[PDB]
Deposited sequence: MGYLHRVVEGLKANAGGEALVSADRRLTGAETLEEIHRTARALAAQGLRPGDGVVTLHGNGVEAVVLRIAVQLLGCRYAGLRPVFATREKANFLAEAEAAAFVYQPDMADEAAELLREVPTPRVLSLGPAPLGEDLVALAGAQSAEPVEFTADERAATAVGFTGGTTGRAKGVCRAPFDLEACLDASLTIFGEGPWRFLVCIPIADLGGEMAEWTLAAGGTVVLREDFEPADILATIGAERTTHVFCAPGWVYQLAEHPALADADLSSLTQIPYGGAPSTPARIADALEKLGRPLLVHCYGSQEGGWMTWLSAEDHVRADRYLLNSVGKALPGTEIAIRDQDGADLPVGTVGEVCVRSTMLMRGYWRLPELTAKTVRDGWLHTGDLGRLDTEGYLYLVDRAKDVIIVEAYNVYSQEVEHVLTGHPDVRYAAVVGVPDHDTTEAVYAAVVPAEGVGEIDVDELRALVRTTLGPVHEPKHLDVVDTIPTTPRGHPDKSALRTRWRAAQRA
């Protein structure tokens, strides 16, 4: 239909229902559409035309979703900066963006000043009253809400998400965005949803909000994940979905307030983005008490690639918690060797994917794009193996593989064996220098609750008799905690091992 057409049709289908809900503001579908139309006119009145870059700096307010959609309705290129990014990383993105405008949240004017000092930008605009540039919400306030039709090229990029790559802005056009929408309906089920987005509107949260609106639903916004707030919100706002990082799942399931929370409105807790720990997902199932969990494997480059359904989490005759599920309709998966050759089902190699959800490409990085997408196939930089039912099992990121005297030890697979043991809650496996074998296998393991001394020889034996001898951790370190990224922090583990 056209992506922005899909979004607007959803909002019209929900004209009298709630569409954008935060702690501070609640808009109906019709109200949301009006704000979009008038914000779009305000932006066009500032001189913005199709293909103009619009860089933003905001949190997850209603104003932010409105802005994101309005920018794209014009056919401009939305480039959202995450607040969490370092100021210097922000400047770099801003410099690279060829920005025709910079739109910032008033709250954040200090940092906006730093950035614009580094990278002077025309059309500085604020989401409300603020020191720098003009007040976009004021300007939108005073335009007509007469509809603005999308007339730009469905194929030209309207959004740039920062944090692809295995820095990197990932360009997305309406075409690939609509395909992502269609896939989300397969994963999340038919709309309307009441979808708790606590992920940045700057990128993935913003996409999920778009899809929610497009399928006729309500976006329930939070700035970030805090388990007590989320448990309360699910009940108070009657959410059908909340998209989680795997660790968030475990925090919900283990929280003391879970008993008192009302989860009855949930249809799903879709999760992914980082490797799950199967045994911890198994505990979460039990604690939640019904098949809510849906495992989602995707990337900014690839869109949605596979999903494991809620019912496949509890399939009677299989155990699939170490799988990321099966291909989305329309998605082809090939598992390839180092030379690019397709491997028979069952073999480990690089996960490569072809679908209409593929990104347009990396913003201004043509060499890397041609390296990453070859003959229409995304090379994910993940390693894995399919089975005869079509389930995909990720065994490593290519960069994490540990080479022990010419043998390949897949760190995530070893981790799953360790965490599978009842004594082990969490594990991280990394390679360290070895005089004899070049690399040796190092594992850090966090004991489970009610576990005393880990039997390290038991753990080595389990790995040995599941994967084979070379997969065994030579070095096995009991730790209190596994360091994290802003994924588990494998470089940090590698470093702390020397000392």
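Undergrad: Just jot down which stretches of the deposited chain sequence have no CA coordinates, in the order they come.
TA: The deposited sequence has unmodelled segments at 167 to 169, 490 to 491, 505 to 508.
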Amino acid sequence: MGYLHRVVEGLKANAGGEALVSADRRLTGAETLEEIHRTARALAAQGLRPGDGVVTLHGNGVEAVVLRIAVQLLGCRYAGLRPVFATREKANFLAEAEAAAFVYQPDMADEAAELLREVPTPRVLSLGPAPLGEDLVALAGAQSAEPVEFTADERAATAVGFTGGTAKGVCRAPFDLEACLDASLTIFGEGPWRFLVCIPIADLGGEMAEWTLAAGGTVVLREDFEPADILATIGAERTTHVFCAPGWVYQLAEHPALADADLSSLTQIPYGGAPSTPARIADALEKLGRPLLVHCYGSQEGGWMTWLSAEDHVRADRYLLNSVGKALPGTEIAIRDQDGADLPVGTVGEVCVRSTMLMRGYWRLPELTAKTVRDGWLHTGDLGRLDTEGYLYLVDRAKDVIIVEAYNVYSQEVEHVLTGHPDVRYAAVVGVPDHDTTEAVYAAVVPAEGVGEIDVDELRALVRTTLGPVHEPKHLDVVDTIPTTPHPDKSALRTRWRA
From here on, numbers count along this sequence of modelled residues.
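Undergrad: Mean C-alpha B factor from the entry: is it higher for 409 to 417 or for 146 to 154?
TA: Taking the mean C-alpha B-factor of 409 to 417 and of 146 to 154, the larger value falls to 146 to 154.
Undergrad: Look over 80 to 88 and 213 to 221 in the entry and identify the one with the greater average Cα temperature factor.
TA: Going by the record's values, the stretch with the higher mean is 80 to 88.
Undergrad: Among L358, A173, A261, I201, single out the one with the highest C-alpha B factor in the record, please.
TA: Answer for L358, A173, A261, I201: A261, with the highest C-alpha B-factor.
Undergrad: Take the CA temperature factors straight from the PDB entry and tell me which of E286, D312, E332, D382 peaks.
TA: Most elevated C-alpha B-factor of the set, per the entry: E286.
Undergrad: What third of the chain does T186 rank in for C-alpha temperature factor, lowest, middle or highest?
TA: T186: CA B-factor falls in the lowest third of its chain.
Undergrad: Pull the Cα B-factor of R26 out of the PDB entry and bin it into the chain's lowest, middle or highest third.
TA: Ranked within chain, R26 CA B lands in the highest tercile.
Undergrad: Pull the Cα B-factor of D423 out of the PDB entry and bin it into the chain's lowest, middle or highest third.
TA: For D423, the deposited C-alpha B-factor lands in the middle third.
Undergrad: Based on the deposited C-alpha B factors for this chain, I'd like to know if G468 is in the lowest, middle or highest third.
TA: Within its chain, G468 is a lowest-third residue by C-alpha B-factor, going by the deposited values.
Undergrad: For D342, does the deposited CA B-factor place it in the lowest, middle or highest third of the chain?
TA: Ranked within chain, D342 CA B lands in the middle tercile.
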